[PDB]
$ cat structure.cif   # mmCIF, N, CA and C atoms and all ligand atoms
data_target
loop_
_atom_site.label_atom_id
_atom_site.label_comp_id
_atom_site.auth_asym_id
_atom_site.auth_seq_id
_atom_site.Cartn_x
_atom_site.Cartn_y
_atom_site.Cartn_z
N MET A 43 -18.82 -20.11 -19.50
CA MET A 43 -19.63 -18.91 -19.69
C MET A 43 -19.45 -17.99 -18.50
N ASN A 44 -19.15 -16.71 -18.75
CA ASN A 44 -18.85 -15.93 -17.56
C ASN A 44 -20.12 -15.30 -16.98
N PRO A 45 -20.20 -15.16 -15.66
CA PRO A 45 -21.34 -14.47 -15.07
C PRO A 45 -21.20 -12.97 -15.25
N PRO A 46 -22.26 -12.20 -15.01
CA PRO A 46 -22.12 -10.73 -15.01
C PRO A 46 -21.13 -10.29 -13.95
N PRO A 47 -20.33 -9.26 -14.24
CA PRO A 47 -19.37 -8.78 -13.26
C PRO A 47 -20.09 -8.09 -12.11
N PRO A 48 -19.45 -7.95 -10.95
CA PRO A 48 -20.10 -7.26 -9.83
C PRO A 48 -20.47 -5.84 -10.23
N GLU A 49 -21.49 -5.30 -9.56
CA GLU A 49 -21.95 -3.95 -9.85
C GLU A 49 -20.89 -2.93 -9.43
N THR A 50 -20.79 -1.85 -10.20
CA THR A 50 -19.93 -0.74 -9.85
C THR A 50 -20.72 0.54 -9.60
N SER A 51 -22.04 0.47 -9.72
CA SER A 51 -22.93 1.55 -9.32
C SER A 51 -24.21 0.91 -8.82
N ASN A 52 -24.91 1.62 -7.94
CA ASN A 52 -26.17 1.15 -7.38
C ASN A 52 -26.89 2.36 -6.79
N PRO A 53 -27.97 2.83 -7.41
CA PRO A 53 -28.62 4.06 -6.93
C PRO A 53 -29.33 3.90 -5.59
N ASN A 54 -29.63 2.68 -5.16
CA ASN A 54 -30.20 2.43 -3.84
C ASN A 54 -29.15 2.43 -2.74
N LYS A 55 -27.89 2.39 -3.09
CA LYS A 55 -26.83 2.32 -2.11
C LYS A 55 -26.30 3.72 -1.84
N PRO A 56 -26.23 4.15 -0.58
CA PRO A 56 -25.70 5.49 -0.29
C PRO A 56 -24.22 5.61 -0.62
N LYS A 57 -23.85 6.77 -1.15
CA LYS A 57 -22.50 7.10 -1.57
C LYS A 57 -21.83 8.02 -0.55
N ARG A 58 -20.50 7.98 -0.51
CA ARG A 58 -19.79 8.92 0.34
C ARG A 58 -18.34 9.03 -0.10
N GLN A 59 -17.78 10.22 0.09
CA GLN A 59 -16.36 10.46 -0.17
C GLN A 59 -15.69 10.81 1.15
N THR A 60 -14.79 9.95 1.61
CA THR A 60 -13.98 10.21 2.79
C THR A 60 -12.52 10.35 2.39
N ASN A 61 -11.75 11.03 3.25
CA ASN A 61 -10.31 11.14 3.02
C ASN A 61 -9.66 9.77 2.88
N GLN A 62 -10.07 8.81 3.72
CA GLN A 62 -9.50 7.47 3.63
C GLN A 62 -9.86 6.78 2.32
N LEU A 63 -11.07 7.02 1.81
CA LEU A 63 -11.47 6.40 0.54
C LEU A 63 -10.73 7.02 -0.63
N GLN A 64 -10.53 8.34 -0.60
CA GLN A 64 -9.79 9.00 -1.66
C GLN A 64 -8.35 8.51 -1.70
N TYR A 65 -7.79 8.21 -0.53
CA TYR A 65 -6.45 7.64 -0.43
C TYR A 65 -6.38 6.23 -0.98
N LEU A 66 -7.47 5.46 -0.84
CA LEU A 66 -7.48 4.10 -1.36
C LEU A 66 -7.40 4.09 -2.87
N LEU A 67 -7.92 5.12 -3.52
CA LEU A 67 -7.80 5.22 -4.97
C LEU A 67 -6.50 5.91 -5.36
N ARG A 68 -6.28 7.12 -4.84
CA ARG A 68 -5.11 7.92 -5.20
C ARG A 68 -3.81 7.16 -4.94
N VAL A 69 -3.72 6.51 -3.79
CA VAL A 69 -2.46 5.94 -3.31
C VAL A 69 -2.48 4.41 -3.35
N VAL A 70 -3.43 3.79 -2.65
CA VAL A 70 -3.34 2.35 -2.44
C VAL A 70 -3.59 1.59 -3.75
N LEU A 71 -4.76 1.78 -4.36
CA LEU A 71 -5.03 1.04 -5.59
C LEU A 71 -4.05 1.43 -6.69
N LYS A 72 -3.83 2.73 -6.88
CA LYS A 72 -3.07 3.15 -8.06
C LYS A 72 -1.60 2.75 -8.00
N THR A 73 -1.02 2.52 -6.81
CA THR A 73 0.31 1.91 -6.80
C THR A 73 0.23 0.39 -6.98
N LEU A 74 -0.75 -0.26 -6.34
CA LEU A 74 -0.93 -1.70 -6.54
C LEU A 74 -1.15 -2.02 -8.01
N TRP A 75 -1.90 -1.15 -8.70
CA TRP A 75 -2.18 -1.30 -10.12
C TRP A 75 -0.91 -1.46 -10.95
N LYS A 76 0.17 -0.83 -10.52
CA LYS A 76 1.38 -0.76 -11.33
C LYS A 76 2.40 -1.82 -10.98
N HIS A 77 2.18 -2.58 -9.92
CA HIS A 77 3.01 -3.73 -9.61
C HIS A 77 3.01 -4.71 -10.77
N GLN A 78 4.14 -5.40 -10.94
CA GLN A 78 4.29 -6.32 -12.05
C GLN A 78 3.39 -7.54 -11.94
N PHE A 79 2.95 -7.90 -10.73
CA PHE A 79 2.03 -9.01 -10.55
C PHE A 79 0.56 -8.59 -10.54
N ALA A 80 0.26 -7.34 -10.91
CA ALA A 80 -1.10 -6.83 -10.81
C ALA A 80 -2.02 -7.33 -11.93
N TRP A 81 -1.48 -7.62 -13.12
CA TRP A 81 -2.32 -7.80 -14.29
C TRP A 81 -3.43 -8.84 -14.14
N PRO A 82 -3.24 -10.00 -13.49
CA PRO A 82 -4.35 -10.97 -13.43
C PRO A 82 -5.53 -10.47 -12.62
N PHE A 83 -5.34 -9.42 -11.83
CA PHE A 83 -6.36 -8.90 -10.92
C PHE A 83 -6.95 -7.58 -11.39
N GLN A 84 -6.56 -7.11 -12.57
CA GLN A 84 -7.03 -5.82 -13.06
C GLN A 84 -8.40 -5.89 -13.72
N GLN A 85 -9.00 -7.07 -13.81
CA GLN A 85 -10.32 -7.24 -14.41
C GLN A 85 -10.93 -8.52 -13.85
N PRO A 86 -12.24 -8.71 -13.99
CA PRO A 86 -12.84 -9.98 -13.59
C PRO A 86 -12.16 -11.17 -14.25
N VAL A 87 -12.07 -12.28 -13.51
CA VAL A 87 -11.55 -13.52 -14.08
C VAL A 87 -12.40 -13.91 -15.28
N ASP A 88 -11.75 -14.09 -16.43
CA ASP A 88 -12.43 -14.57 -17.64
C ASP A 88 -12.23 -16.07 -17.68
N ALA A 89 -13.18 -16.80 -17.08
CA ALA A 89 -13.01 -18.23 -16.92
C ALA A 89 -13.14 -18.98 -18.24
N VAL A 90 -13.73 -18.35 -19.26
CA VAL A 90 -13.77 -18.96 -20.58
C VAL A 90 -12.40 -18.88 -21.25
N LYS A 91 -11.85 -17.66 -21.34
CA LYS A 91 -10.56 -17.47 -21.99
C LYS A 91 -9.46 -18.29 -21.32
N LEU A 92 -9.52 -18.42 -19.99
CA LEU A 92 -8.49 -19.09 -19.22
C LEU A 92 -8.68 -20.60 -19.12
N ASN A 93 -9.75 -21.14 -19.69
CA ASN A 93 -10.08 -22.55 -19.57
C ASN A 93 -10.08 -22.97 -18.10
N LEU A 94 -10.77 -22.16 -17.29
CA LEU A 94 -11.04 -22.45 -15.88
C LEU A 94 -12.55 -22.60 -15.71
N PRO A 95 -13.16 -23.60 -16.35
CA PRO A 95 -14.63 -23.66 -16.37
C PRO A 95 -15.23 -23.98 -15.02
N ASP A 96 -14.43 -24.39 -14.05
CA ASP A 96 -14.93 -24.61 -12.70
C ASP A 96 -14.78 -23.39 -11.81
N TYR A 97 -14.25 -22.28 -12.33
CA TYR A 97 -13.93 -21.13 -11.48
C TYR A 97 -15.16 -20.63 -10.74
N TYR A 98 -16.23 -20.32 -11.48
CA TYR A 98 -17.44 -19.75 -10.91
C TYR A 98 -18.38 -20.80 -10.34
N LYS A 99 -18.03 -22.08 -10.48
CA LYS A 99 -18.64 -23.10 -9.63
C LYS A 99 -18.11 -23.03 -8.20
N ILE A 100 -16.88 -22.54 -8.02
CA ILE A 100 -16.24 -22.50 -6.70
C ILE A 100 -16.32 -21.10 -6.09
N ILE A 101 -16.09 -20.06 -6.88
CA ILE A 101 -16.04 -18.69 -6.39
C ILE A 101 -17.41 -18.07 -6.63
N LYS A 102 -18.14 -17.79 -5.54
CA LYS A 102 -19.46 -17.19 -5.65
C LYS A 102 -19.49 -15.73 -5.26
N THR A 103 -18.39 -15.17 -4.76
CA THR A 103 -18.31 -13.73 -4.47
C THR A 103 -17.10 -13.15 -5.20
N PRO A 104 -17.14 -13.10 -6.53
CA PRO A 104 -15.97 -12.64 -7.28
C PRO A 104 -15.69 -11.16 -7.04
N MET A 105 -14.41 -10.81 -7.11
CA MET A 105 -13.99 -9.43 -6.88
C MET A 105 -12.62 -9.26 -7.51
N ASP A 106 -12.37 -8.06 -8.02
CA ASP A 106 -11.14 -7.80 -8.75
C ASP A 106 -10.83 -6.32 -8.62
N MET A 107 -9.59 -5.95 -8.94
CA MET A 107 -9.18 -4.56 -8.76
C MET A 107 -9.78 -3.62 -9.80
N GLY A 108 -10.18 -4.14 -10.96
CA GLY A 108 -10.90 -3.30 -11.91
C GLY A 108 -12.25 -2.89 -11.38
N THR A 109 -12.98 -3.84 -10.80
CA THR A 109 -14.24 -3.54 -10.12
C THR A 109 -14.04 -2.55 -8.98
N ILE A 110 -13.03 -2.79 -8.13
CA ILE A 110 -12.77 -1.89 -7.00
C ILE A 110 -12.43 -0.50 -7.50
N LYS A 111 -11.61 -0.41 -8.54
CA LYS A 111 -11.22 0.89 -9.09
C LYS A 111 -12.43 1.66 -9.59
N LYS A 112 -13.33 0.98 -10.31
CA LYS A 112 -14.53 1.65 -10.79
C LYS A 112 -15.46 2.01 -9.64
N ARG A 113 -15.49 1.20 -8.58
CA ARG A 113 -16.31 1.54 -7.42
C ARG A 113 -15.79 2.80 -6.74
N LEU A 114 -14.47 2.90 -6.56
CA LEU A 114 -13.86 4.08 -5.96
C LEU A 114 -14.10 5.31 -6.82
N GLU A 115 -13.89 5.18 -8.13
CA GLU A 115 -14.13 6.31 -9.02
C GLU A 115 -15.58 6.77 -8.97
N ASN A 116 -16.52 5.84 -8.74
CA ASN A 116 -17.95 6.13 -8.66
C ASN A 116 -18.42 6.59 -7.28
N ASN A 117 -17.54 6.71 -6.30
CA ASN A 117 -17.93 6.99 -4.91
C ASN A 117 -18.97 5.98 -4.42
N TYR A 118 -18.84 4.74 -4.90
CA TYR A 118 -19.79 3.67 -4.60
C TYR A 118 -19.80 3.28 -3.12
N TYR A 119 -18.68 3.46 -2.40
CA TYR A 119 -18.55 2.97 -1.03
C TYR A 119 -19.06 4.00 -0.02
N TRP A 120 -19.48 3.51 1.14
CA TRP A 120 -19.79 4.41 2.25
C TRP A 120 -18.57 4.73 3.11
N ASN A 121 -17.67 3.78 3.30
CA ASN A 121 -16.45 4.04 4.05
C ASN A 121 -15.31 3.19 3.52
N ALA A 122 -14.12 3.45 4.06
CA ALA A 122 -12.92 2.77 3.61
C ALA A 122 -12.96 1.29 3.94
N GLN A 123 -13.59 0.92 5.06
CA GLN A 123 -13.66 -0.49 5.43
C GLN A 123 -14.41 -1.31 4.39
N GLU A 124 -15.40 -0.70 3.73
CA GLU A 124 -16.12 -1.40 2.67
C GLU A 124 -15.20 -1.77 1.52
N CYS A 125 -14.31 -0.85 1.14
CA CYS A 125 -13.36 -1.09 0.07
C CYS A 125 -12.33 -2.15 0.49
N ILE A 126 -11.87 -2.07 1.73
CA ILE A 126 -10.88 -3.01 2.24
C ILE A 126 -11.45 -4.42 2.28
N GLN A 127 -12.75 -4.55 2.58
CA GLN A 127 -13.39 -5.86 2.47
C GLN A 127 -13.35 -6.38 1.04
N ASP A 128 -13.54 -5.51 0.04
CA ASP A 128 -13.47 -6.00 -1.34
C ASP A 128 -12.07 -6.50 -1.68
N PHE A 129 -11.04 -5.77 -1.24
CA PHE A 129 -9.67 -6.21 -1.46
C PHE A 129 -9.43 -7.58 -0.82
N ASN A 130 -9.89 -7.76 0.42
CA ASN A 130 -9.70 -9.03 1.09
C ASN A 130 -10.47 -10.15 0.41
N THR A 131 -11.66 -9.85 -0.14
CA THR A 131 -12.39 -10.85 -0.91
C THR A 131 -11.58 -11.29 -2.12
N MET A 132 -10.99 -10.34 -2.84
CA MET A 132 -10.15 -10.67 -3.98
C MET A 132 -9.02 -11.61 -3.58
N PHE A 133 -8.29 -11.28 -2.51
CA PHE A 133 -7.17 -12.13 -2.10
C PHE A 133 -7.66 -13.49 -1.63
N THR A 134 -8.68 -13.52 -0.76
CA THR A 134 -9.19 -14.79 -0.25
C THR A 134 -9.68 -15.71 -1.38
N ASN A 135 -10.39 -15.15 -2.37
CA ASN A 135 -10.88 -15.98 -3.47
C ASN A 135 -9.75 -16.68 -4.20
N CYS A 136 -8.66 -15.96 -4.49
CA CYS A 136 -7.50 -16.55 -5.14
C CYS A 136 -6.94 -17.72 -4.32
N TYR A 137 -6.83 -17.55 -3.00
CA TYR A 137 -6.29 -18.63 -2.16
C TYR A 137 -7.26 -19.80 -2.06
N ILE A 138 -8.57 -19.53 -2.14
CA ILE A 138 -9.56 -20.59 -2.11
C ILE A 138 -9.49 -21.42 -3.40
N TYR A 139 -9.55 -20.75 -4.56
CA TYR A 139 -9.59 -21.47 -5.83
C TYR A 139 -8.28 -22.20 -6.12
N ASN A 140 -7.15 -21.65 -5.69
CA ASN A 140 -5.84 -22.18 -6.02
C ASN A 140 -5.22 -22.84 -4.80
N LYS A 141 -3.96 -23.27 -4.93
CA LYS A 141 -3.24 -23.99 -3.89
C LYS A 141 -1.97 -23.24 -3.51
N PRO A 142 -1.47 -23.42 -2.28
CA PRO A 142 -0.26 -22.71 -1.87
C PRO A 142 0.88 -22.93 -2.85
N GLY A 143 1.58 -21.85 -3.18
CA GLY A 143 2.75 -21.95 -4.02
C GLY A 143 2.49 -21.90 -5.51
N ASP A 144 1.22 -21.91 -5.94
CA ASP A 144 0.90 -21.68 -7.34
C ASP A 144 1.42 -20.31 -7.77
N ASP A 145 1.75 -20.18 -9.06
CA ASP A 145 2.20 -18.88 -9.56
C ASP A 145 1.20 -17.76 -9.23
N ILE A 146 -0.10 -17.99 -9.46
CA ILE A 146 -1.07 -16.92 -9.23
C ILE A 146 -1.15 -16.55 -7.74
N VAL A 147 -0.98 -17.53 -6.85
CA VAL A 147 -1.04 -17.27 -5.42
C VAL A 147 0.15 -16.44 -4.98
N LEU A 148 1.34 -16.76 -5.50
CA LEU A 148 2.53 -15.96 -5.19
C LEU A 148 2.34 -14.51 -5.63
N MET A 149 1.60 -14.30 -6.72
CA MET A 149 1.26 -12.95 -7.14
C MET A 149 0.34 -12.29 -6.14
N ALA A 150 -0.75 -12.98 -5.76
CA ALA A 150 -1.69 -12.42 -4.80
C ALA A 150 -1.03 -12.12 -3.46
N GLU A 151 -0.16 -13.02 -2.99
CA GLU A 151 0.48 -12.81 -1.70
C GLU A 151 1.43 -11.62 -1.73
N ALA A 152 2.09 -11.39 -2.87
CA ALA A 152 2.92 -10.20 -3.01
C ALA A 152 2.07 -8.93 -3.01
N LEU A 153 0.91 -8.94 -3.69
CA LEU A 153 0.04 -7.77 -3.65
C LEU A 153 -0.56 -7.59 -2.27
N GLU A 154 -0.96 -8.69 -1.62
CA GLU A 154 -1.60 -8.58 -0.32
C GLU A 154 -0.67 -7.97 0.70
N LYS A 155 0.60 -8.35 0.67
CA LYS A 155 1.49 -7.79 1.66
C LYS A 155 1.85 -6.35 1.33
N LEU A 156 1.91 -5.99 0.05
CA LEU A 156 1.97 -4.57 -0.29
C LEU A 156 0.73 -3.84 0.21
N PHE A 157 -0.45 -4.39 -0.08
CA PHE A 157 -1.71 -3.77 0.34
C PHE A 157 -1.74 -3.54 1.85
N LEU A 158 -1.27 -4.52 2.63
CA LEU A 158 -1.25 -4.36 4.08
C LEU A 158 -0.31 -3.24 4.51
N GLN A 159 0.86 -3.11 3.85
CA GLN A 159 1.75 -2.00 4.15
C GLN A 159 1.07 -0.66 3.90
N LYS A 160 0.41 -0.53 2.75
CA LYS A 160 -0.11 0.77 2.34
C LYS A 160 -1.30 1.19 3.18
N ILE A 161 -2.12 0.24 3.64
CA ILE A 161 -3.26 0.62 4.48
C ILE A 161 -2.91 0.56 5.96
N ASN A 162 -1.63 0.31 6.31
CA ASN A 162 -1.26 0.30 7.72
C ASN A 162 -1.51 1.65 8.37
N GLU A 163 -1.30 2.75 7.63
CA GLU A 163 -1.73 4.06 8.10
C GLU A 163 -2.42 4.80 6.95
N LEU A 164 -3.65 5.21 7.19
CA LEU A 164 -4.58 5.97 6.37
C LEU A 164 -4.68 7.40 6.88
N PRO A 165 -4.98 8.36 6.01
CA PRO A 165 -5.21 9.73 6.49
C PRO A 165 -6.46 9.80 7.37
N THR A 166 -6.62 10.94 8.04
CA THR A 166 -7.70 11.12 9.01
C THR A 166 -8.85 11.99 8.50
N1 LIG B 1 -6.08 -20.09 -11.65
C1 LIG B 1 -6.24 -18.65 -11.60
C2 LIG B 1 -5.78 -17.89 -12.65
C3 LIG B 1 -5.92 -16.53 -12.61
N2 LIG B 1 -5.40 -15.78 -13.75
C4 LIG B 1 -6.03 -14.76 -14.45
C5 LIG B 1 -5.17 -14.34 -15.45
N3 LIG B 1 -4.00 -15.11 -15.37
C6 LIG B 1 -4.13 -15.99 -14.33
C7 LIG B 1 -6.53 -15.92 -11.52
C8 LIG B 1 -6.72 -14.56 -11.40
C9 LIG B 1 -7.32 -14.01 -10.28
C10 LIG B 1 -7.77 -14.84 -9.27
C11 LIG B 1 -7.60 -16.21 -9.38
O1 LIG B 1 -8.05 -17.05 -8.35
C12 LIG B 1 -6.98 -16.74 -10.49
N4 LIG B 1 -6.83 -18.07 -10.57
#

$ encode --input "structure.cif" --output "structure tokens"
Amino acid sequence: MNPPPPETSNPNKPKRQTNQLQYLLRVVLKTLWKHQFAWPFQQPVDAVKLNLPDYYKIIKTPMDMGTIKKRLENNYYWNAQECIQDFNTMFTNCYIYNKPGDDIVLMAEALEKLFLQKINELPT
């Protein structure tokens, strides 16, 4: 049974649009989105469909690029570091649930190293 996906809006949370955050959507996410290994991360893990019934017993801070994309589109973040933490949560969760050298991990590691290249320099 899947849990509710993370929130993509919150009226109690302050919103902000920064140049670095606009770049995370325009440039960083939207190129990562099109990588051939992106598809497993474009939406919350469906642990029912995937027959991973232990997934949400292990992963208690789920995060995915579909959630991040909707957060960016919603101006949900206060700064770019908040978004970068979500990306790192997504990558870390994959490495926690899985084992080195698994197909899904090789996908995450390819996206993570792309992600690190793209955020190596942000606009000002
Ligand atoms: N064992 C798996 C399988 C996944 N997945 C989702 C769609 N195809 C593979 C997956 C996807 C994202 C994060 C993970 O930790 C995953 N772990």

$ atom_distance --input "structure.cif" --atom1 "atom CA of residue A:152" --atom2 "atom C12 of ligand LIG 1 (chain B)"
14.0 Å

$ closest_atom_pairs --input "structure.cif" --of "stretch 50-73 of chain A" --to "stretch 110-126 of chain A" --cutoff "6 Å" --atoms "all atoms listed in the file" --output "tab-separated table"
residue	atom	partner	partner_atom	distance
A:50	CA	A:113	CA	4.9
A:56	C	A:120	CA	5.4
A:57	CA	A:117	C	4.7
A:58	N	A:119	C	4.3
A:59	N	A:117	CA	6.0
A:62	C	A:122	CA	5.2
A:63	CA	A:122	CA	5.0

$ residues_near_ligand --input "structure.cif" --ligand "ligand LIG 1 (chain B)" --cutoff "7 Å" --atoms "all atoms listed in the file" --output "count of residues only"
17

$ atom_distance --input "structure.cif" --atom1 "atom CA of residue A:51" --atom2 "atom CA of residue A:77"
26.5 Å

$ atom_distance --input "structure.cif" --atom1 "atom CA of residue A:151" --atom2 "atom N of residue A:164"
20.5 Å

$ closest_residue --input "structure.cif" --among "A:90, A:158, A:148, A:101" --to "residue A:129" --atoms "only C-alpha atoms"
A:158

$ closest_residue --input "structure.cif" --among "A:143, A:97, A:109, A:68" --to "residue A:47" --atoms "all atoms listed in the file"
A:109

$ closest_residue --input "structure.cif" --among "A:142, A:102, A:130, A:45" --to "residue A:155" --atoms "only C-alpha atoms"
A:130

$ axis_aligned_box --input "structure.cif" --around "stretch 47-61 of chain A" --padding-each-side "6 Å" --output "JSON"
{"center_x": -19.9, "center_y": 0.9, "center_z": -5.5, "size_x": 32.5, "size_y": 32.4, "size_z": 29.5}

$ closest_residue --input "structure.cif" --among "A:149, A:165, A:44, A:156" --to "residue A:74" --atoms "only N, CA and C atoms"
A:156

$ closest_residue --input "structure.cif" --among "A:162, A:107, A:54, A:128" --to "residue A:73" --atoms "only C-alpha atoms"
A:107

$ select_by_dssp --input "structure.cif" --residues "chain A" --states "alpha helix (DSSP H)" --output "ChimeraX atom specification"
/A:61-65,72-74,97-100,107-115,122-139,145-160
